[PDB]
Amino acid sequence: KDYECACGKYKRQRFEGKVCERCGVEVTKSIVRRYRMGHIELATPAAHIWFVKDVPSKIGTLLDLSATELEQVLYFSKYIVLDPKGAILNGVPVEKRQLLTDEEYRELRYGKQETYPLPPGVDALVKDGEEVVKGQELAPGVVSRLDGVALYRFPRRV
Amino acid sequence: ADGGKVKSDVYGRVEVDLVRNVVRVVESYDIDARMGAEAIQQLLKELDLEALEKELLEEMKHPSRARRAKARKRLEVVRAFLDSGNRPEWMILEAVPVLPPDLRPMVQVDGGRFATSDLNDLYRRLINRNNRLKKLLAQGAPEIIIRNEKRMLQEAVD
Amino acid sequence: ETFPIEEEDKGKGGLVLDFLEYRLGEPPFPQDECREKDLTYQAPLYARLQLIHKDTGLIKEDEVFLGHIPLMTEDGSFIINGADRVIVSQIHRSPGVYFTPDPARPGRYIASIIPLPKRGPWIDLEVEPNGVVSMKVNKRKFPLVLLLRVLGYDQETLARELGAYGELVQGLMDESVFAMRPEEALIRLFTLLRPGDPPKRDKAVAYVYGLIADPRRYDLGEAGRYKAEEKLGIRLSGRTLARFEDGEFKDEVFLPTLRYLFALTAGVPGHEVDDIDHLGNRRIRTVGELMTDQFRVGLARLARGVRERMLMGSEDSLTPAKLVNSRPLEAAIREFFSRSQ
Amino acid sequence: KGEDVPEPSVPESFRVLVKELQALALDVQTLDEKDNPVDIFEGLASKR
Amino acid sequence: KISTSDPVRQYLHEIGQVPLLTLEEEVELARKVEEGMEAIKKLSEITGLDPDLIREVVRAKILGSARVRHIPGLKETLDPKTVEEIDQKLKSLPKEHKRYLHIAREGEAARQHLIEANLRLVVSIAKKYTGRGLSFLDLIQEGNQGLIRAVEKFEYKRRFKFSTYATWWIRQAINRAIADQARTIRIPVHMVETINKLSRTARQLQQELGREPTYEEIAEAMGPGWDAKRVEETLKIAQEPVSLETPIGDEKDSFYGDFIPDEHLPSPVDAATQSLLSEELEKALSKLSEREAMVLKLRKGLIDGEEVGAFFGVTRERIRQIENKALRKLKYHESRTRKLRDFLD
Ligand SMILES: [Zn+2]
């Protein structure tokens, strides 16, 4: 409102430059209401599409990444780029600026292989597996023996 | 540490089974894996344009036309950034300026119709998503759902 | 056109809603009163309807007044809302088939089959001899012969009778590997279209480019068959390329078009060059047509929702309210007299 | 009052622009003789 | 590329790799979630630390490093040192309480695991509350928030499984969301069902009349206190706003906003008004005795609109005295030199 406040503690021009004690309103007309700006505080950042999708990706250019595809890849979806260091291998050393998939990335953080094969009946595979499962290191391709052939084809323990 | 995240030697995760004294130790190490503006914000701050300036200088005049040509286009952006004006960490958004209010009116039309600058439906988009994000972080956080949101959020910021 | 609503199976069906007679007669208010008061002078219309059942019983709920349709003043103008309004006539490409010179390559011209309503294919025949022929419905091309084969035209009988005088026949008998299997050509073309559809669908899509919808219900006799016998090809059995009696389709239109293409490209059967702007190519839409169209668009909208209620109504008493809702036809027709450009 | 019309203040077209422009990351700041600020939005942009 | 498909694939792929078995896996995780609580509490008990703090430190060690604590929640828990201190005391807990620590983490873990596995459940549910005015992704996400809510209250002691339980806690979350965010102008849940009922009623009323009900039927059919004024009001709020920016006139290039006029702003005419008005009012205000003129000038023109409370020490008799005698001498000389007569309003 014109020179008035919201509640009205002060209502004319004499004190034009001050704000209200219990509530905040410094006044000149509602033009201050049309020129002022507020901001939203984003949780986890996002990027300006004005810079990401212009033909020469100004961030793709500057950051040597796939100028047009590496961006889109990690930006909008989950394709991770190893930022500083990552000792463990894929087969080769840590990829300083290279990007990887959920799948392989998964294989990384928890352990090489996830195999949950749970037996059909109560006595056939429950026994083959048990006997060799608790303290016995099971080598790749451990041929459990009963329903069909419970195949454990990967690493260390069980 | 208990049975989620613990880095001992090159192997980096540690589960615990108090049954028999068994310290399950999975093997992949501290792999900085990031996706979204989060990852690019990092990469963007780490770069000393001066270095890439000089590096491209050499890349520009010395190798054959294929990689030197790409380097000349890539030196353009890096130069201005440094030349005069402002530095490159800003292309990343984490504080969204909001357009004034009277510029995105809410008005009484006829009978009771109301007209509002379309910008306000987008703003609500962002804010809701941003908030739902914060609440999803705090509530507890299942990965798929956090990113899923962060994706929406991103789009919204566009 | 849209009354015999056949809805058969997905759960329980066998629905048959049938049209008897259309009657509209007592105007709500009169002309002057419609101008003094803000009124739309429209005549009331409710036709007779009777829905059948697969179980013993056919309930006939006589009238349902849906759609108040404006009438014409004896002078020719209307009275939609307060002000007298007029429906201006229009102009376009009359639904037929013509042959126009090719775009950029000075070489040879290509054929075009024009079927209006919008929903309904738009074909074109173009030959690029290093190894391909192009016939396009929605977009992507396929052989001109794979189709003739489907219908029943075999390499020998086709090539010899249609193009003996037309050496272009050789591009037709070219991919013999596929031309040696009849009905399998039907499935194979189905394959060519692209969604990742069930190979088996006896005679379903062939129907669509066959008898009912896409081709047209414009009067059987002079609507399209005029553009035919004189311009190209002699006969039409069923309005447009149509039949569903034995599963084996008949196409007295698909071969003549190519026939005229091989003819037009080889000499003077006549001089086959169509000046589009010739008025026997450009038709004038009189008021009636303009209203009948919005009238049927509405009928479709009506028939759309009625289908949903053939499943919603519990048992057999579903004739009146269960099948008809006047909201579509009203908005539809009303939109045309007040908002049409 | 029969006074010669005043010398134009900044047009709203301008102001609407700058802010529209501010609505997007970009920062549009006018400058002085020596590259220093100057103020279009008379006194409504400084904070509080 | 296009967002829906990616998330669908995203969680559908993980459920595809890890659906929870009907009894076992849900039971397992559940059991672990609860023991986590029982643990965190007993942890608070022997540490004197707030269950809220014990819950955030175990979260940090299982869900994320300093990174996740620093950005989401600004900065009160020192990124490194703080949380670690807490972890140390947890270690000091001998064999007996250490157990609870190890349990809390694993439980926290299961929570997350149980939450992952039941994401298809959300999507399947959320799938049906689609055309309400919310984005499918938004809907699934709110619903997702609903499932997390269910996880906090499920009691595995009471044999029923998480399926039926999540359904409710999710359906609640979604419907709320639909009612809270769908519109530009917020409308409480009661108004919402109100509007649904209004709508549903108008539907049953459309059934036979052939006449889109006057707001009479709606009042009747609705119930107890429904009247015309109420229904016309409700459907007036039911209409969503219009796009101040919509294609207008012939759809060429017409944006709905150059045509609305502006009211606060003094069209030139008014700026001229206030000039003479204030210059002339200011001239009068000066040629008068301050005592009761300023009183009524300031009481009426400076703050708010009290004869007695208007004058300082001098009571009412001198107020009315000078008010009515100065106001009339002021109006009658102003009658002489007519300046004010031409009503400035
Ligand atoms: Zn105040």
Side-chain angles (χ1 to χ4, degrees), chain C residues 1-24 42-55 57-70 115-121 204-205 207-220 239-240 242 244 288-337 339-340, chain E residues 131 203 206-212:
Chain C
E1 170 202 0
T2 322
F3 219 103
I5 193 158
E6 210 314 311
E7 305 292 290
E8 194 54 60
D9 294 308
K10 301 256 182 180
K12 165 193 166 174
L15 166 76
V16 216
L17 189 55
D18 295 290
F19 170 46
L20 318 177
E21 294 151 305
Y22 72 126
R23 9 103 121 211
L24 51 84
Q42 347 136 299
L45 164 57
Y46 31 65
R48 305 166 75 70
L49 342 60
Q50 57 177 52
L51 124 74
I52 315 298
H53 254 15
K54 293 292 111 302
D55 345 73
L58 337 172
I59 326 86
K60 170 202 168 181
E61 234 77 318
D62 328 284
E63 334 293 307
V64 189
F65 35 124
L66 46 132
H68 252 313
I69 53 99
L116 169 52
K118 199 276 176 294
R119 254 47 164 165
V205 135
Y207 272 157
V208 200
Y209 316 97
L211 180 112
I212 316 174
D214 296 342
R216 215 193 194 173
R217 237 204 178 191
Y218 38 12
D219 148 277
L220 174 145
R239 239 159 289 99
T240 320
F244 67 128
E289 224 269 276
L290 288 127
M291 179 280 314
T292 182
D293 270 338
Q294 243 64 184
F295 178 68
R296 29 186 147 249
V297 169
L299 252 113
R301 300 157 150 294
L302 179 77
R304 205 162 305 158
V306 65
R307 281 176 177 186
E308 254 261 51
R309 274 123 67 171
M310 196 253 151
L311 19 132
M312 251 114 107
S314 12
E315 272 313 321
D316 113 295
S317 265
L318 337 86
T319 325
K322 230 84 69 161
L323 259 58
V324 208
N325 75 298
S326 310
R327 180 66 76 277
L329 203 63
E330 245 60 50
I333 307 178
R334 79 183 287 92
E335 223 131 353
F336 178 49
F337 282 81
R339 287 86 84 170
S340 178
Chain E
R203 294 168 165 157
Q206 176 58 44
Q207 185 266 86
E208 188 82 300
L209 344 173
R211 306 222 137 60
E212 314 159 304

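Just so you know, these numbers use all the heavy atoms, side chains as well, and skip hydrogens, waters and symmetry mates. The sequence lines fix the lettering, A, B, ..., with proteins before strands; numbering per chain opens at 1.
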Please indicate whether E/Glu212 has more than 12 foreign heavy atoms, meaning atoms of other residues, nucleotides or ligands, lying under 6.0 Å from its CD.
no

Can you measure from CG (C/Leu51) to CE (C/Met310) and round to the nearest 0.5 angstrom?
7.0 Å

Does C/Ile212, at its CD1 atom, have more than 12 non-hydrogen atoms belonging to other residues, nucleotides or ligands within less than 6.0 Å?
no

C/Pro215 to C/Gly210 - nearest heavy-atom pair and separation
CG-O, 3.6 Å

Smallest heavy-atom separation, C/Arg301 atom then C/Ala332 atom, equals CD-CB, 4.2 Å

Got C/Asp214 and C/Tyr209 here, is their nearest side-chain heavy-atom distance under 4.5 Å?
yes

Do side-chain atoms of C/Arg23 reach the backbone of C/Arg48 as a donor and acceptor pair under 3.5 angstrom?
no

With salt bridge (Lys or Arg N to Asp or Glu O under 4.0 Å) as the criterion, how do C/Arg296 and C/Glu1 come out once you've worked through the C-alpha distance, each side chain's angles and the decisive distance to 0.1 Å?
CA-CA 8 Å; C/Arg296 29 186 147 249; C/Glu1 170 202 0; 3.5 Å; yes

Rounded distance [0.5 Å steps], CG in C/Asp316 versus CD1 in C/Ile59
4.0 Å

Between C/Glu330 and C/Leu66 (side chain of the first, backbone of the second, donor and acceptor by atom type, cut-off under 3.5 Å), is there such a pair?
no

Check whether any side-chain heavy atom of C/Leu17 lies under 4.5 Å from a side-chain heavy atom of C/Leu323, and answer yes or no.
yes

Is there a side-chain contact between C/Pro44 and C/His68 (heavy atoms, below 4.5 Å)?
yes

Contact between C/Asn325 and E/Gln206 at the side-chain level, heavy atoms closer than 4.5 Å - yes or no?
no

Crowding at OH, C/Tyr46 (>12 non-hydrogen neighbours, <6.0 Å):
no

Can you tell me how far the NZ atom of C/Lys10 sits from the CG atom of C/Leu311, to the nearest 0.5 Å?
11.5 Å

Is there a side-chain contact between C/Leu45 and C/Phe295 in this structure, where contact means two heavy atoms from C-beta onward sitting under 4.5 Å apart?
yes

Do C/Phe65 and C/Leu24 make a side-chain contact, defined as non-hydrogen atoms from C-beta onward lying under 4.5 Å apart?
no

Looking at C/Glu8, is its backbone amide N or carbonyl O close enough to the side chain of C/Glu6 to form a donor-acceptor pair, meaning the two atoms are under 3.5 Å apart?
yes

Is it the case that over 12 heavy atoms from other parts of the model lie below 6.0 angstrom from the CZ atom of C/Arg217?
no

Calculate, to the nearest 0.5 Å, the distance between atoms CG and CG belonging to C/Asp9 and C/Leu15 respectively.
11.0 Å

C/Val306 side chain reached by C/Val324 side chain, heavy atoms, under 4.5 Å
no

Looking at side-chain heavy atoms only, is the closest gap between C/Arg239 and C/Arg216 below 4.5 Å?
no

Work out which heavy atom in C/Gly67 is nearest to a heavy atom in C/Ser326; give both atom names and the distance.
N-CB, 4.5 Å

Quick one, C/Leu49 with C/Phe3, criterion side-chain contact (heavy atoms from CB on, under 4.5 Å). Give me CA distance, side-chain angles, the key distance, then yes/no.
CA-CA 9 Å; C/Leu49 342 60; C/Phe3 219 103; 3.9 Å; yes

Looking only at non-hydrogen atoms, find the nearest pair between C/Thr319 and C/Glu61 and report the distance.
CG2-N, 3.2 Å

Check against side-chain contact (heavy atoms from CB on, under 4.5 Å), C/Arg339 and C/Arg334:
CA-CA 8 Å; C/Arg339 287 86 84 170; C/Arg334 79 183 287 92; 3.7 Å; yes

Can you name the closest pair of heavy atoms from C/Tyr22 and C/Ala47 and give their distance?
CA-CB, 3.7 Å

So, using side chain to side chain contact (heavy atoms under 4.5 Å, CB included) as the criterion, who are the partners of C/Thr2 when residues are at least two apart?
C/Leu299, C/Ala303

Which heavy atom in C/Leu318 sits nearest to a heavy atom in C/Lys322, and how many Å separate them?
O-CB, 2.9 Å

Just wondering, more than 12 heavy atoms not from C/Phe244 lying within 6.0 Å of its CZ?
no

Check: C/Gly13 main-chain N/O paired with C/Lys54 side-chain donor or acceptor under 3.5 Å
no

Looking at C/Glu315, I'd like to know if its CD atom is crowded, meaning that more than 12 non-hydrogen atoms belonging to other residues, nucleotides or ligands lie closer than 6.0 Å.
no

